[PDB]
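Q: Structure in structure tokens, see below.
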Amino acid sequence: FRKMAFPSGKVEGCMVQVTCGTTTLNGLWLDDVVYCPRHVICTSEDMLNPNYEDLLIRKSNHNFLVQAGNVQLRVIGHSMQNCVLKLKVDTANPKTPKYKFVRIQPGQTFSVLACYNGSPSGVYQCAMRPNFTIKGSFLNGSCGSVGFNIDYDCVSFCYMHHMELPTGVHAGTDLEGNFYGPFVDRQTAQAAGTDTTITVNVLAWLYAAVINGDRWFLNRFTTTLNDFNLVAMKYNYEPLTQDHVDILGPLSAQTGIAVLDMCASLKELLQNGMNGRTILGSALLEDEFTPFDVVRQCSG
Amino acid sequence: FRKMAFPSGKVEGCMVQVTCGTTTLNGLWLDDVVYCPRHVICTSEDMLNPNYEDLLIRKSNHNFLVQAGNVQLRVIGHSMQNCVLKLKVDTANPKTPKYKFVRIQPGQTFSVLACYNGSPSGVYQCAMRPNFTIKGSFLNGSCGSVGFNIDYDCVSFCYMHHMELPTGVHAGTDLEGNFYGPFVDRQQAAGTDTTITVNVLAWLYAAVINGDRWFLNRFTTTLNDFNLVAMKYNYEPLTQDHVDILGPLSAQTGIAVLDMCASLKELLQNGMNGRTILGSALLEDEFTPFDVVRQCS
Ligand SMILES: *[C@@H](O)[C@H](C[C@@H]1CCNC1=O)NC(=O)[C@H](CC(C)C)NC(=O)OC[C@@H]1CCC(=O)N1Cc1ccccc1
């Protein structure tokens, strides 16, 4: 069972390079607007306490170099929305997909297209952590890389990349420029709040392992929802809600394992460990597959 | 470290569907040729022990329905190369990238663009196991999905999907239609699998690059002595090509390949002794030397 990203071609056709001064990162070109992180306008010194409105009013359209492949796009206007800059260009992107901007919830997954100098480099699946970080793979120059889901022909953009934290996890914004989490686009070492494990996702994954013939971790027992949730919170697992239980129905039907029966299996794993065994290849309980993800991939 | 696929857009621009009767699978459209698994020409009854040569003689161009989306592509010629069908079409694919056809070695990784009815569903990284199988996520209708790597702007196609083995792993061919491994497109067991030594060594190099180097020792080994030990632990023997592709990581860390082999040999013989490497007690074997350099840089 495989962590699978959405096909990235519709997003690749939107990625451009944005340069201001000696800073280069990526931008997302939709119709005649390029979206990018606003910290592109900051210098070494600005970045410790950047007064962005004051820094932006001092910029001219020609201070922004936007390049799509070999071609330069002419910036004819700019504006700032929260932590994103919106560069109006004189050319429409003919590869603009059907799209929307969404703000995702913790526990939801999305695909990241990691880009450098406006060129796509890799694609992988991430989850919005309960503490609003993401465990990404982002190096210098990756800012402006985006995260997205696809439904039919519509790209739902949910993430734009801005920073890496001292622990090696990542933080960013939605496409309205609002950060996920308590982070700020200044050049400071920032810690996240305590992370927790996405319980509804671990349960989806356990069901996926059953669907794939792996059942060593099952047991004959059950648990109530509240008693499960007491043990969950003790182990820094998120509470499981009745909506989560409802969401897991399809995987429950399929396998004929009641949700609360799988909860009792997970409780045993938290208390007893895996004893060196592995599940779906992993020595660790995996929490970045949603129920939808498991079903979407057991469906086609 | 994450499994990271290559961006799939250049390959999405080449996917089509190929139907013969009611059997639809995926094909790859490059210039004026569509490549797909030859078993598209088989009914269920032929799938037992098909006579592909006979089946292909009974076929004509007008029996093949090739479609990009719902747009038919006219077939003007057909031929068989090993286990792939090549359909000449009357239109050169305007989205053809720079490409080549490569046959990869066990241990090498590649991106799979899983497709159904010519439409991409997902992309993910696979490693060719030493027993010439991959652990895919392939369902009915996935055949003809391809595996690839991208270098600069050149797509190297290395895999086309054909079948699922009893144990739930996957087998297929290169783009010249030669199966990886001893498999045939009929109605077979994968050889017992082994650990991909060259990738474990890449993973130890990765750990060193990140400052996790407790396992380095003061000794070395010959390649023969290491290979003989490794096989007792169900690890693949190293080839000269493996030594060579570890060269960049050896040079980045200053740790000779054979010195790293001696460190690995000690881990195998003594175990981890309760310690971890890059946070795990398990040694990862699905990241190549190129994967490591690509994520550390
Ligand atoms: C895109 O411009 C980059 C992307 C990051 C670079 C390395 N990996 C990334 O994901 N974004 C930035 O560099 C951020 C810019 C500010 C928001 C203005 N800054 C940033 O990511 O800082 C990262 C460094 C490295 C690790 C860390 O903890 N850190 C913060 C820091 C800052 C100052 C002193 C000490 C630590």
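Residues displayed in chain B correspond, in order, to Swiss-Prot positions 3266-3452, 3455-3564.
So this one's X-ray crystallography, 1.8 Å, going by the header.
The backbone N, Cα and C atoms fix where each Cβ goes, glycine too.
According to Swiss-Prot, the protein carries these features:
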type	residues	note
CROSSLNK	B:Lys3268	ubiquitin cross-link
ACT_SITE	B:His3304	active site, for 3CL-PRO activity
CROSSLNK	B:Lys3353	ubiquitin cross-link
ACT_SITE	B:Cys3408	active site, nucleophile
Q: Given 2 residues with no model between B:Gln3452 and B:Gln3455, what whole-number C-alpha distance in angstrom do these ends have?
A: 7
Q: Going by Cα-Cα distance, pick out whichever of the recorded positions B:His3304, B:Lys3353, B:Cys3408 is nearest to B:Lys3268 (ubiquitin cross-link).
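A: When the Cα distances are compared, B:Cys3408 comes out closest.
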Q: Which entry in the list of recorded positions, B:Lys3268, B:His3304, B:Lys3353, has its Cβ near the fewest other Cβ atoms, using 10 Å as the limit?
A: B:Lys3353
Q: Which residues in the same chain, at least 6 apart in sequence, have a Cβ under 8 Å from the Cβ of the residue listed as 'active site, nucleophile'?
A: B:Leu3290, B:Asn3291, B:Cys3301, B:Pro3302, B:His3304, B:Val3305, B:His3426, B:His3427, B:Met3428
Q: Can you list which of the recorded positions B:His3304, B:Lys3353, B:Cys3408 come closer than 8 Å to chain A, going by CB to CB distance?
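A: Of B:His3304, B:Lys3353, B:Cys3408, none lie near chain A.
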Q: I want to verify one value. Collapsing DSSP to three states, which class is B:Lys3353 (ubiquitin cross-link)?
A: strand
